[PDB]
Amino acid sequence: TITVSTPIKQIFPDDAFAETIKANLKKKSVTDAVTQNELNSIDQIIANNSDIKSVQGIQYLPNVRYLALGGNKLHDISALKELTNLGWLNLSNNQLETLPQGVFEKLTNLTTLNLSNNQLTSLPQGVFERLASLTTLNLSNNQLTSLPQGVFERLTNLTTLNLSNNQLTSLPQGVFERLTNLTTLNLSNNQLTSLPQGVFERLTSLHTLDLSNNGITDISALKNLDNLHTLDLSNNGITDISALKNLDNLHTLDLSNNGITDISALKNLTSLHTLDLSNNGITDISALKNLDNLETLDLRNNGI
């Protein structure tokens, strides 16, 4: 809180963010003195692509619920720690490299967190511990190489998790163990090779899984994902696909650009509507004789 009226440019030292606030309050000038009453009036700030370098001052806006700050120049977000009413936060395409450990401690009402396209090199232990309401977490297009154990352990409401386009080289056993409401998981474009066999097994709501563009060879971790509808495994090192054989809710499967030769395992995937097998070594397609519902099929660049 501010105790006396204070010029906007004094509360909000970043010129672009001061102008954001001025426009939000319909003031004429960043030199106008505002009251705490007025700061309390702000419940939404929509300020993507606004050349904001700092959100200092935002601590004095207790009622902010919706904050769009994508495409700015933020290097630091500590001032957001205080926005206990935040439900929706977009920080995508800024220059965040680290997150202070406690920054999301009080954001217990947050449902959507977009941290994509920053330069995050690590996630502190417990950084998401208090985000019980979170339903969407986007961490894509960062520089993450590993995940702490427990990092997603409290995110039981999560429906969407996007970790694509990082440099993840492994996933800890148990890392998704409590995400029983998760419907979409994107792990494409990492550096994953081995997967703990049990890593997806508690994802009983998983509909969509994208593992494309890794170095995965063994797909045993998929064996029991029988609720899956869409699976992307293109551009990996897969040869044996026997683990797919009981995934009979699968509607869409992309197995392109692997090293597959025997597609016997696809024979009972009778719900498949969309199947991409291109750029493999497949020469026997008689398993396809069982697939009643294929609309789209790609067999190009195989031995046939």
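Counting begins at 1, following the sequence as shown.
According to the PDB record, 289-297 carries the higher mean C-alpha B-factor of the two stretches 14-22 and 289-297. Between the stretches 48-56 and 262-270, it is 262-270 that shows the larger average CA temperature factor.
Among the modelled residues of its chain, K223 has a C-alpha B-factor that falls in the highest third according to the deposited record. Among all modelled residues in its chain, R202 ranks in the highest third by Cα B-factor.
Among the modelled residues of its chain, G87 has a C-alpha B-factor that falls in the lowest third, as given in the PDB entry. In this PDB entry, the Cα temperature factor of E97 sits in the middle third of its chain's modelled residues. When the modelled residues of the chain are ordered by C-alpha B-factor, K81 sits in the middle third.
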